[PDB]
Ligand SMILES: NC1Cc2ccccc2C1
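Take a look at this single chain in structure tokens; it is the form deposited without this ligand.
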């Protein structure tokens, strides 16, 4: 199923009938960072399998829901259960939910993820406001926009110069200052590793020479689809470990340690994004 104007409209038609919510804000949370989706007020949970033209996620399994409701007086739509390209999903399957968000009226997309630190200033438990990215799949002919262009959503050759909104980064940093955890908040360039293997010690060493501050396996496809159709983006990475430090000390990297860091920071991140949603500018 192509993520075109007609197929995305069929999905939005179903969502509009099931919930009265017309959201202005979209949210995609990383694994273990989705507790905020539980406190959505007046919420409607729609499984992916019930939405027309939504991608099939049975092979991977686990949760896959679209949740719509209110947070701090704001109408939002949240993706519960993230689609990652290392699972084998095509460009069309990744793009359709974001373009359905666009047809529902989403103008701001807030994204969180887990990732590894490359810049020696980044430690486990730090946050990174993403101000730019280095897209290795895109350079190697695996860009999420490879294929025919859907002209109703955006241009054939998008400009990514301002994909990460400056004013949204300033707002997130100010809220961190107001609550005195600005000592955990950095800015940096995000490198897209397709995955699913963690970067080898020598791959981390290469990313250090290339100017990468953070490396992860997601986010960049969603940001490009959102920037393509004109949706503002705020992207925040939670640093689970510094792979340059781990290479020097021969310390292993595994998913159990990563999720433990997510649990250590889940509540603080939930409070942070709840206030960001509340403080998002109006018209």
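Numbering follows the first chain given and starts at 1.
Unshown form solved in complex with this ligand; subsequent notes refer to it.
- Residues 6, 9 and 96 are none of them found to lie within 4.5 Å of this ligand in the deposited complex, as judged by heavy atom distances.
- Heavy atoms within 4.5 Å of this ligand in the deposited complex belong, among the stretches 68-76, 177-185, 142-150, 96-104, to residues of 177-185.
- Mapping the unseen interface onto this chain, residue 24 falls outside it, with no heavy atom inside 4.5 Å of this ligand in the deposited complex.
- Though the partner is left out of this view, residue 271 does reach within 4.5 Å of this ligand in the deposited complex, counting heavy atoms only.
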